[PDB]
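Participant: target.cif (mmCIF, C-alpha atoms and all ligand atoms) pasted underneath:
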data_entry
loop_
_atom_site.group_PDB
_atom_site.id
_atom_site.type_symbol
_atom_site.label_atom_id
_atom_site.label_comp_id
_atom_site.auth_asym_id
_atom_site.auth_seq_id
_atom_site.Cartn_x
_atom_site.Cartn_y
_atom_site.Cartn_z
ATOM 1 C CA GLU Z 1 -8.442 -5.176 -10.558
ATOM 2 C CA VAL Z 2 -8.211 -3.731 -7.018
ATOM 3 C CA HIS Z 3 -9.766 -6.582 -5.063
ATOM 4 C CA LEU Z 4 -9.470 -6.908 -1.296
ATOM 5 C CA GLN Z 5 -10.269 -10.432 -0.089
ATOM 6 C CA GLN Z 6 -10.779 -10.652 3.602
ATOM 7 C CA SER Z 7 -11.293 -13.251 6.357
ATOM 8 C CA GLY Z 8 -14.499 -15.213 6.960
ATOM 9 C CA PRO Z 9 -17.147 -14.323 9.570
ATOM 10 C CA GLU Z 10 -16.075 -15.145 13.106
ATOM 11 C CA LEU Z 11 -17.356 -15.906 16.604
ATOM 12 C CA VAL Z 12 -15.506 -15.176 19.810
ATOM 13 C CA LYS Z 13 -16.100 -15.961 23.403
ATOM 14 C CA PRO Z 14 -16.180 -12.742 25.408
ATOM 15 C CA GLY Z 15 -12.701 -12.009 26.722
ATOM 16 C CA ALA Z 16 -10.927 -13.830 23.884
ATOM 17 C CA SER Z 17 -9.241 -12.419 20.792
ATOM 18 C CA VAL Z 18 -9.721 -12.380 17.011
ATOM 19 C CA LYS Z 19 -7.449 -12.014 14.056
ATOM 20 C CA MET Z 20 -9.180 -11.246 10.833
ATOM 21 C CA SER Z 21 -7.035 -10.958 7.720
ATOM 22 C CA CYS Z 22 -7.282 -8.948 4.511
ATOM 23 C CA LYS Z 23 -5.493 -10.148 1.386
ATOM 24 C CA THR Z 24 -4.486 -7.442 -1.124
ATOM 25 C CA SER Z 25 -4.410 -8.067 -4.873
ATOM 26 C CA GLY Z 26 -4.168 -6.162 -8.127
ATOM 27 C CA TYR Z 27 -2.040 -3.208 -7.181
ATOM 28 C CA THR Z 28 1.263 -2.605 -5.401
ATOM 29 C CA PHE Z 29 0.768 -3.426 -1.760
ATOM 30 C CA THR Z 30 3.595 -1.058 -0.724
ATOM 31 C CA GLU Z 31 2.180 2.130 -2.251
ATOM 32 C CA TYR Z 32 -0.833 2.648 -0.168
ATOM 33 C CA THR Z 33 -1.816 2.692 3.465
ATOM 34 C CA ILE Z 34 -4.412 0.051 4.395
ATOM 35 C CA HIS Z 35 -7.013 0.847 7.088
ATOM 36 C CA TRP Z 36 -9.727 -0.766 9.167
ATOM 37 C CA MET Z 37 -13.257 0.435 9.750
ATOM 38 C CA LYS Z 38 -15.793 -0.819 12.312
ATOM 39 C CA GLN Z 39 -19.503 -0.541 11.713
ATOM 40 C CA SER Z 40 -21.857 -1.095 14.694
ATOM 41 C CA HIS Z 41 -24.726 -3.060 13.062
ATOM 42 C CA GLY Z 42 -26.605 -0.575 10.835
ATOM 43 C CA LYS Z 43 -25.525 2.586 12.616
ATOM 44 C CA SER Z 44 -22.274 4.500 12.098
ATOM 45 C CA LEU Z 45 -18.802 4.009 10.689
ATOM 46 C CA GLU Z 46 -15.815 4.277 13.039
ATOM 47 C CA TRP Z 47 -12.213 4.589 12.005
ATOM 48 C CA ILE Z 48 -9.866 2.067 13.685
ATOM 49 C CA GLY Z 49 -6.446 2.503 12.183
ATOM 50 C CA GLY Z 50 -4.008 2.488 9.297
ATOM 51 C CA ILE Z 51 -0.768 0.764 8.365
ATOM 52 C CA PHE Z 52 1.672 1.387 5.514
ATOM 53 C CA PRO Z 53 3.003 -1.993 4.236
ATOM 54 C CA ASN Z 54 6.336 -0.948 2.812
ATOM 55 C CA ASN Z 55 7.757 -0.130 6.311
ATOM 56 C CA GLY Z 56 4.953 -1.067 8.710
ATOM 57 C CA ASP Z 57 4.127 2.284 10.242
ATOM 58 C CA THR Z 58 0.839 2.355 12.138
ATOM 59 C CA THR Z 59 -1.665 5.128 12.863
ATOM 60 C CA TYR Z 60 -4.468 4.440 15.467
ATOM 61 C CA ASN Z 61 -7.692 5.989 16.684
ATOM 62 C CA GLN Z 62 -7.815 6.989 20.349
ATOM 63 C CA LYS Z 63 -10.679 4.532 20.940
ATOM 64 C CA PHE Z 64 -8.930 1.446 19.586
ATOM 65 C CA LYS Z 65 -5.332 2.116 20.515
ATOM 66 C CA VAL Z 66 -5.414 -0.621 23.134
ATOM 67 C CA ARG Z 67 -7.661 -3.315 21.720
ATOM 68 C CA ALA Z 68 -6.350 -3.176 18.200
ATOM 69 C CA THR Z 69 -3.152 -4.070 16.410
ATOM 70 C CA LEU Z 70 -2.529 -3.650 12.701
ATOM 71 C CA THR Z 71 0.207 -5.852 11.189
ATOM 72 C CA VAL Z 72 1.356 -6.581 7.634
ATOM 73 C CA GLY Z 73 2.860 -9.555 5.818
ATOM 74 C CA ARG Z 74 4.772 -8.089 2.875
ATOM 75 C CA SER Z 75 5.566 -11.405 1.090
ATOM 76 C CA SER Z 76 1.955 -12.368 1.702
ATOM 77 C CA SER Z 77 0.637 -9.072 0.334
ATOM 78 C CA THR Z 78 -1.659 -9.247 3.380
ATOM 79 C CA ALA Z 79 -2.831 -6.880 6.123
ATOM 80 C CA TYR Z 80 -3.977 -8.210 9.457
ATOM 81 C CA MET Z 81 -5.907 -6.731 12.377
ATOM 82 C CA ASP Z 82 -6.122 -8.218 15.841
ATOM 83 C CA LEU Z 83 -8.767 -7.419 18.452
ATOM 84 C CA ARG Z 84 -7.820 -8.387 21.986
ATOM 85 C CA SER Z 85 -10.195 -9.101 24.943
ATOM 86 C CA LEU Z 86 -13.565 -8.571 23.284
ATOM 87 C CA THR Z 87 -16.965 -7.600 24.549
ATOM 88 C CA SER Z 88 -20.471 -7.258 23.187
ATOM 89 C CA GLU Z 89 -19.285 -3.818 22.093
ATOM 90 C CA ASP Z 90 -17.019 -5.260 19.416
ATOM 91 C CA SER Z 91 -19.764 -7.344 17.865
ATOM 92 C CA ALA Z 92 -20.043 -5.615 14.516
ATOM 93 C CA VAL Z 93 -18.598 -5.672 11.006
ATOM 94 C CA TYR Z 94 -15.008 -4.895 10.143
ATOM 95 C CA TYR Z 95 -13.911 -3.551 6.764
ATOM 96 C CA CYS Z 96 -10.439 -3.791 5.382
ATOM 97 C CA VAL Z 97 -10.069 -0.658 3.242
ATOM 98 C CA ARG Z 98 -7.424 0.894 0.980
ATOM 99 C CA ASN Z 99 -6.993 4.643 1.516
ATOM 100 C CA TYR Z 100 -5.507 6.560 -1.407
ATOM 101 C CA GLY Z 101 -2.919 9.099 -0.286
ATOM 102 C CA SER Z 102 -1.647 9.722 3.244
ATOM 103 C CA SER Z 103 -3.072 11.645 6.160
ATOM 104 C CA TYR Z 104 -5.330 13.578 3.841
ATOM 105 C CA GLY Z 105 -6.789 10.789 1.800
ATOM 106 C CA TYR Z 106 -9.932 9.131 0.690
ATOM 107 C CA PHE Z 107 -10.782 5.411 1.081
ATOM 108 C CA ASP Z 108 -11.391 4.331 -2.529
ATOM 109 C CA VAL Z 109 -11.446 0.527 -2.441
ATOM 110 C CA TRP Z 110 -13.475 -1.091 0.361
ATOM 111 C CA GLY Z 111 -13.228 -4.810 1.095
ATOM 112 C CA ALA Z 112 -16.173 -7.159 1.679
ATOM 113 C CA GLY Z 113 -16.455 -7.046 5.484
ATOM 114 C CA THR Z 114 -15.435 -9.624 8.140
ATOM 115 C CA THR Z 115 -18.352 -9.838 10.536
ATOM 116 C CA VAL Z 116 -17.521 -10.751 14.186
ATOM 117 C CA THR Z 117 -20.034 -12.215 16.667
ATOM 118 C CA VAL Z 118 -19.158 -12.189 20.366
ATOM 119 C CA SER Z 119 -21.168 -14.678 22.336
ATOM 120 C CA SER Z 120 -20.626 -17.498 24.779
ATOM 121 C CA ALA Z 121 -23.271 -19.460 22.826
ATOM 122 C CA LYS Z 122 -22.585 -22.769 21.115
ATOM 123 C CA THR Z 123 -22.581 -23.325 17.358
ATOM 124 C CA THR Z 124 -25.956 -24.637 16.243
ATOM 125 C CA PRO Z 126 -30.358 -24.964 11.475
ATOM 126 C CA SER Z 127 -33.502 -26.855 10.531
ATOM 127 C CA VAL Z 128 -35.131 -26.367 7.142
ATOM 128 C CA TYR Z 129 -38.833 -26.608 6.445
ATOM 129 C CA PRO Z 130 -40.568 -26.350 3.014
ATOM 130 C CA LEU Z 131 -43.633 -24.058 2.627
ATOM 131 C CA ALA Z 132 -46.317 -25.484 0.303
ATOM 132 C CA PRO Z 133 -49.523 -23.377 -0.001
ATOM 133 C CA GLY Z 134 -52.900 -24.342 1.538
ATOM 134 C CA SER Z 135 -54.604 -27.410 0.016
ATOM 135 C CA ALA Z 136 -57.617 -25.334 -0.986
ATOM 136 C CA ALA Z 137 -56.434 -21.850 -1.886
ATOM 137 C CA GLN Z 138 -54.428 -20.592 -4.856
ATOM 138 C CA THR Z 139 -52.939 -17.051 -5.469
ATOM 139 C CA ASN Z 140 -54.224 -16.321 -9.073
ATOM 140 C CA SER Z 141 -51.629 -15.836 -11.893
ATOM 141 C CA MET Z 142 -48.616 -16.474 -9.593
ATOM 142 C CA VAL Z 143 -47.924 -19.026 -6.854
ATOM 143 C CA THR Z 144 -45.761 -17.937 -3.884
ATOM 144 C CA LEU Z 145 -43.520 -20.717 -2.457
ATOM 145 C CA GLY Z 146 -41.275 -20.754 0.604
ATOM 146 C CA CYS Z 147 -38.470 -22.054 2.754
ATOM 147 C CA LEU Z 148 -38.076 -21.725 6.521
ATOM 148 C CA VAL Z 149 -34.753 -21.718 8.395
ATOM 149 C CA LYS Z 150 -35.131 -21.966 12.188
ATOM 150 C CA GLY Z 151 -32.909 -22.340 15.239
ATOM 151 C CA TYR Z 152 -29.299 -21.717 14.279
ATOM 152 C CA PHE Z 153 -26.269 -19.816 15.523
ATOM 153 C CA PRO Z 154 -24.338 -17.899 14.584
ATOM 154 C CA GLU Z 155 -25.058 -15.821 11.518
ATOM 155 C CA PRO Z 156 -25.075 -16.138 8.623
ATOM 156 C CA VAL Z 157 -26.813 -18.451 6.202
ATOM 157 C CA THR Z 158 -27.228 -18.442 2.432
ATOM 158 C CA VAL Z 159 -30.495 -19.302 0.758
ATOM 159 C CA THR Z 160 -30.733 -20.211 -2.926
ATOM 160 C CA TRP Z 161 -33.458 -21.453 -5.234
ATOM 161 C CA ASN Z 162 -32.724 -24.266 -7.738
ATOM 162 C CA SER Z 163 -29.025 -24.121 -6.854
ATOM 163 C CA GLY Z 164 -29.154 -20.453 -7.868
ATOM 164 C CA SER Z 165 -30.708 -20.558 -11.337
ATOM 165 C CA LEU Z 166 -33.884 -18.913 -10.001
ATOM 166 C CA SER Z 167 -33.061 -15.364 -8.944
ATOM 167 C CA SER Z 168 -36.167 -13.521 -9.866
ATOM 168 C CA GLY Z 169 -39.179 -13.500 -7.565
ATOM 169 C CA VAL Z 170 -36.935 -14.297 -4.628
ATOM 170 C CA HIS Z 171 -36.875 -12.508 -1.277
ATOM 171 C CA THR Z 172 -34.665 -13.663 1.546
ATOM 172 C CA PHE Z 173 -35.760 -11.901 4.731
ATOM 173 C CA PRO Z 174 -33.350 -10.883 7.485
ATOM 174 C CA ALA Z 175 -32.877 -13.307 10.395
ATOM 175 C CA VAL Z 176 -34.422 -12.637 13.823
ATOM 176 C CA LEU Z 177 -33.669 -13.717 17.431
ATOM 177 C CA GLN Z 178 -36.059 -16.301 18.882
ATOM 178 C CA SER Z 179 -35.073 -18.011 22.138
ATOM 179 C CA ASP Z 180 -31.464 -16.913 21.530
ATOM 180 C CA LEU Z 181 -31.373 -18.491 18.067
ATOM 181 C CA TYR Z 182 -31.707 -17.078 14.575
ATOM 182 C CA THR Z 183 -34.614 -17.732 12.268
ATOM 183 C CA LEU Z 184 -35.320 -16.619 8.742
ATOM 184 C CA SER Z 185 -37.471 -17.310 5.759
ATOM 185 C CA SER Z 186 -37.317 -17.132 1.947
ATOM 186 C CA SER Z 187 -40.038 -16.605 -0.690
ATOM 187 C CA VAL Z 188 -39.685 -17.722 -4.329
ATOM 188 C CA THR Z 189 -42.513 -16.598 -6.672
ATOM 189 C CA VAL Z 190 -43.105 -18.509 -9.929
ATOM 190 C CA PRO Z 191 -46.007 -18.466 -12.476
ATOM 191 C CA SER Z 192 -48.952 -20.647 -11.445
ATOM 192 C CA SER Z 193 -48.461 -22.998 -14.449
ATOM 193 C CA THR Z 194 -44.807 -23.806 -13.613
ATOM 194 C CA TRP Z 195 -45.703 -25.392 -10.224
ATOM 195 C CA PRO Z 196 -45.988 -28.217 -9.160
ATOM 196 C CA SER Z 197 -44.606 -29.239 -12.570
ATOM 197 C CA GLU Z 198 -41.316 -27.428 -11.950
ATOM 198 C CA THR Z 199 -38.716 -28.772 -9.504
ATOM 199 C CA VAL Z 200 -38.517 -26.062 -6.831
ATOM 200 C CA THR Z 201 -35.685 -26.930 -4.432
ATOM 201 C CA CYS Z 202 -34.498 -24.814 -1.513
ATOM 202 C CA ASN Z 203 -30.702 -24.783 -1.055
ATOM 203 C CA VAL Z 204 -29.533 -23.557 2.371
ATOM 204 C CA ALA Z 205 -25.957 -23.341 3.664
ATOM 205 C CA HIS Z 206 -24.562 -22.706 7.152
ATOM 206 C CA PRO Z 207 -20.750 -22.547 7.114
ATOM 207 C CA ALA Z 208 -20.307 -22.266 10.847
ATOM 208 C CA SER Z 209 -21.526 -25.852 11.301
ATOM 209 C CA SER Z 210 -20.356 -27.260 7.909
ATOM 210 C CA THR Z 211 -23.990 -27.859 6.982
ATOM 211 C CA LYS Z 212 -25.561 -27.785 3.510
ATOM 212 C CA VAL Z 213 -29.189 -28.834 3.158
ATOM 213 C CA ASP Z 214 -31.700 -29.146 0.294
ATOM 214 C CA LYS Z 215 -35.571 -29.157 0.606
ATOM 215 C CA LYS Z 216 -37.976 -29.696 -2.279
ATOM 216 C CA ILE Z 217 -41.393 -28.000 -2.153
ATOM 217 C CA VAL Z 218 -43.973 -30.869 -2.395
ATOM 218 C CA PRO Z 219 -47.604 -29.630 -2.867
ATOM 219 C CA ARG Z 220 -50.116 -30.155 -0.053
ATOM 220 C CA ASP Z 221 -50.757 -33.929 0.192
ATOM 221 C CA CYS Z 222 -54.548 -33.782 0.349
ATOM 222 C CA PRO Y 3 47.036 56.875 31.192
ATOM 223 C CA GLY Y 4 43.955 58.470 29.605
ATOM 224 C CA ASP Y 5 40.273 57.689 28.957
ATOM 225 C CA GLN Y 6 39.604 56.287 25.529
ATOM 226 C CA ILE Y 7 36.859 55.215 23.168
ATOM 227 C CA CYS Y 8 37.200 52.658 20.380
ATOM 228 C CA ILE Y 9 35.229 52.000 17.216
ATOM 229 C CA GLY Y 10 35.053 48.386 16.182
ATOM 230 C CA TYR Y 11 32.982 45.639 14.651
ATOM 231 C CA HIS Y 12 31.452 42.226 15.447
ATOM 232 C CA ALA Y 13 33.229 38.898 15.280
ATOM 233 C CA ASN Y 14 32.296 35.314 16.187
ATOM 234 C CA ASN Y 15 33.114 31.609 15.928
ATOM 235 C CA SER Y 16 31.457 31.264 12.493
ATOM 236 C CA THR Y 17 33.065 29.168 9.799
ATOM 237 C CA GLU Y 18 30.484 30.008 7.160
ATOM 238 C CA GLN Y 19 32.209 31.044 3.911
ATOM 239 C CA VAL Y 20 30.910 33.100 1.006
ATOM 240 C CA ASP Y 21 32.143 33.957 -2.528
ATOM 241 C CA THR Y 22 32.717 37.217 -4.425
ATOM 242 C CA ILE Y 23 34.163 38.432 -7.690
ATOM 243 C CA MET Y 24 37.625 39.173 -6.357
ATOM 244 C CA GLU Y 25 37.775 36.604 -3.548
ATOM 245 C CA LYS Y 26 36.663 33.021 -2.825
ATOM 246 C CA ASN Y 27 35.994 31.262 0.506
ATOM 247 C CA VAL Y 28 35.546 34.386 2.622
ATOM 248 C CA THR Y 29 34.737 33.496 6.180
ATOM 249 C CA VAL Y 30 31.963 35.730 7.265
ATOM 250 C CA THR Y 31 30.026 36.266 10.505
ATOM 251 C CA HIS Y 32 26.557 35.566 9.124
ATOM 252 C CA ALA Y 33 25.361 34.099 5.838
ATOM 253 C CA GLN Y 34 22.087 32.906 4.286
ATOM 254 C CA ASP Y 35 21.857 29.755 2.188
ATOM 255 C CA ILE Y 36 19.320 30.256 -0.586
ATOM 256 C CA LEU Y 37 19.640 26.937 -2.439
ATOM 257 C CA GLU Y 38 17.562 23.914 -1.494
ATOM 258 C CA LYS Y 39 19.358 20.634 -2.154
ATOM 259 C CA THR Y 40 17.203 17.894 -0.593
ATOM 260 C CA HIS Y 41 14.058 16.010 -1.499
ATOM 261 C CA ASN Y 42 12.249 13.040 0.055
ATOM 262 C CA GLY Y 43 12.986 10.655 -2.885
ATOM 263 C CA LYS Y 44 9.311 9.881 -3.209
ATOM 264 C CA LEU Y 45 6.320 10.659 -5.422
ATOM 265 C CA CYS Y 46 3.661 12.315 -3.350
ATOM 266 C CA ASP Y 47 0.162 13.642 -3.236
ATOM 267 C CA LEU Y 48 -0.135 17.354 -4.200
ATOM 268 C CA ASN Y 49 -2.191 19.478 -1.796
ATOM 269 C CA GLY Y 50 -4.553 16.667 -0.861
ATOM 270 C CA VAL Y 51 -5.044 15.566 -4.500
ATOM 271 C CA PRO Y 53 -1.524 11.746 -8.542
ATOM 272 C CA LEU Y 54 -2.529 9.142 -11.156
ATOM 273 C CA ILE Y 55 0.286 6.598 -11.103
ATOM 274 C CA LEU Y 56 0.247 4.494 -14.264
HETATM 275 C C1 LIG F 301 36.522 26.503 -0.276
HETATM 276 O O1 LIG F 301 37.245 25.506 0.419
HETATM 277 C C2 LIG F 301 36.686 24.220 0.226
HETATM 278 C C3 LIG F 301 37.324 23.229 1.197
HETATM 279 O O2 LIG F 301 38.695 23.117 0.871
HETATM 280 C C4 LIG F 301 36.910 23.792 -1.227
HETATM 281 O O3 LIG F 301 36.327 22.529 -1.473
HETATM 282 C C5 LIG F 301 37.319 21.495 -1.641
HETATM 283 O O4 LIG F 301 37.968 21.529 -2.901
HETATM 284 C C6 LIG F 301 38.973 20.540 -3.022
HETATM 285 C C7 LIG F 301 39.754 20.757 -4.310
HETATM 286 O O5 LIG F 301 40.587 21.885 -4.164
HETATM 287 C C8 LIG F 301 38.333 19.156 -2.996
HETATM 288 O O6 LIG F 301 39.313 18.145 -3.155
HETATM 289 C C9 LIG F 301 38.800 17.101 -4.015
HETATM 290 O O7 LIG F 301 38.313 15.980 -3.302
HETATM 291 C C10 LIG F 301 37.997 14.899 -4.156
HETATM 292 C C11 LIG F 301 37.115 13.914 -3.396
HETATM 293 O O8 LIG F 301 36.754 12.844 -4.240
HETATM 294 C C12 LIG F 301 39.288 14.241 -4.646
HETATM 295 O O9 LIG F 301 39.118 13.703 -5.941
HETATM 296 C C13 LIG F 301 40.415 15.266 -4.660
HETATM 297 O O10 LIG F 301 41.036 15.307 -3.395
HETATM 298 C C14 LIG F 301 39.865 16.642 -5.017
HETATM 299 O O11 LIG F 301 40.934 17.560 -5.041
HETATM 300 C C15 LIG F 301 37.572 18.971 -1.688
HETATM 301 O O12 LIG F 301 36.834 17.767 -1.701
HETATM 302 C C16 LIG F 301 36.627 20.146 -1.434
HETATM 303 N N1 LIG F 301 36.052 20.057 -0.098
HETATM 304 C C17 LIG F 301 34.742 20.203 0.095
HETATM 305 C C18 LIG F 301 34.246 20.088 1.505
HETATM 306 O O13 LIG F 301 33.957 20.427 -0.823
HETATM 307 C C19 LIG F 301 36.349 24.829 -2.199
HETATM 308 O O14 LIG F 301 36.992 24.669 -3.434
HETATM 309 C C20 LIG F 301 36.708 26.251 -1.766
HETATM 310 N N2 LIG F 301 35.997 27.228 -2.567
HETATM 311 C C21 LIG F 301 36.689 27.975 -3.424
HETATM 312 C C22 LIG F 301 35.926 29.019 -4.186
HETATM 313 O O15 LIG F 301 37.904 27.828 -3.591
#
Translate this structure into structure tokens?
Ligand SMILES: *[C@@H]1O[C@H](CO)[C@@H](O[C@@H]2O[C@H](CO)[C@@H](O[C@@H]3O[C@H](CO)[C@@H](O)[C@H](O)[C@@H]3O)[C@H](O)[C@H]2NC(C)=O)[C@H](O)[C@H]1NC(C)=O

Facilitator:
Amino acid sequence: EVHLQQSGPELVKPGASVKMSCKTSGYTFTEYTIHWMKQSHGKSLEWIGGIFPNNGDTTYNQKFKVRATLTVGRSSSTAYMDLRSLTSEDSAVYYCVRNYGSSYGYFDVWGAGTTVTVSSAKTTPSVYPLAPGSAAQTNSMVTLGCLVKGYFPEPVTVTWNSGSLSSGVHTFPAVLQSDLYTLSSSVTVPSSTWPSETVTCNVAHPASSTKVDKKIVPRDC
Amino acid sequence: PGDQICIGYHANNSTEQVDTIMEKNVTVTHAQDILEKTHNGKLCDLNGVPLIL
């Protein structure tokens, strides 16, 4: 396959430097130029640069010439990018992408995306189950929930029953509340299944090495 | 003693040689090579479009 596995989301103090990596696999590293793309959160794609592994020739955008540095580890079958002296500006997502042929080519295989967060803030969640009101029931289907509040930085992963429930589930985007992130999830099961069925909320926050589980217990009344 | 005019033809420091039916290696003042003998030793894209198996 043509998979591009890249580095994990990162946080950098303003003024510091990052080095996200992209590991190539499934094709011949040395036959295609690898490139980097920056996407300002939900806006527009910007081209950073390109590097051809086989001899290490680089091609940069005007904008990034200074702050960026593409490098390649041939034995490693790996492309690296380095961003030096960051600002709020650079807080966005970075894609390691394989472009097909040369100067006049299309980017066919796009990597996952290493997402960089530039803030002086410290690494910080708290999980709360959401059982419905003691005297109210939504008819054929019961909506259940999970609340993640006060954490930094993004992101977090929310699962229901370790992942086996993937149906009625909505995980809403996080929001900024007193300079911390907060989000919520909503699993929807048939009224008969609950409270008989074990509904557990599985939340993970890598940045703090935290993994938490919360079971939805009906309203003790 | 007297004014004169001469008819003559060009010559230069050229070493370029050329061949004919009756003679080989004829140094000549100007010649045009019409045979391309070099390539980039690589497989390349053709006018912005290959499938390499
Ligand atoms: C025009 O003159 C050129 C230069 O003399 C002729 O080319 C030369 O031909 C000689 C043979 O007469 C070549 O010698 C050969 O060299 C190889 C090298 O491995 C070696 O095995 C022997 O010494 C062999 O005789 C010489 O390399 C060659 N020079 C060049 C630069 O190609 C050419 O033959 C002449 N053209 C005509 C129509 O006579």

Participant: Going by the chain IDs and residue numbers used in this file, which residues fall under the PyMOL selection byres ((chain Y) within 9 of (chain Z))? Write them as an MDAnalysis selection string.

Facilitator: chainID Y and resid 46:47 49:51 53

Participant: Collect all residues with atoms no farther than 9 Å from ligand LIG 301 (chain F), counting only C-alpha atoms and all ligand atoms, and output them as a list in words.

Facilitator: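 With only C-alpha atoms and all ligand atoms and a cut-off of 9 Å, ligand LIG 301 (chain F) is contacted by residues 19, 20, 21, 22, 25, 26, 27 and 28 of chain Y.
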
Participant: In Å, how far is it from atom CA of residue 89 of chain Z to atom CA of residue 14 of chain Z?

Facilitator: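 For atom CA of residue 89 of chain Z relative to atom CA of residue 14 of chain Z, the distance reads 10.0 Å.
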
Participant: Identify, on the basis of all atoms listed in the file, every residue whose closest approach to residue 18 of chain Y does not exceed 9 Å; exclude the query and any residue fewer than 6 positions from it along the same chain; express the result as a PyMOL selection string.

Facilitator: chain Y and resi 27-33

Participant: Using the chain letters and residue numbers of this document, give as a list in words the residues selected by the PyMOL selection byres (((chain Z and resi 202) around 7) and not hetatm).

Facilitator: residues 147, 160, 161, 162, 200, 201, 203, 204, 214, 215 and 216 of chain Z

Participant: I want to know what sits within 9 Å of residue 60 of chain Z, based on only C-alpha atoms, with residues of the same chain fewer than 6 positions away left out; could you give that as a ChimeraX atom specification?

Facilitator: /Z:47-51,68-70

Participant: Could you please determine the separation between atom CA of residue 35 of chain Z and atom CA of residue 116 of chain Z in Å, to one decimal place?

Facilitator: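 Value for the atom CA of residue 35 of chain Z-atom CA of residue 116 of chain Z distance: 17.2 Å.
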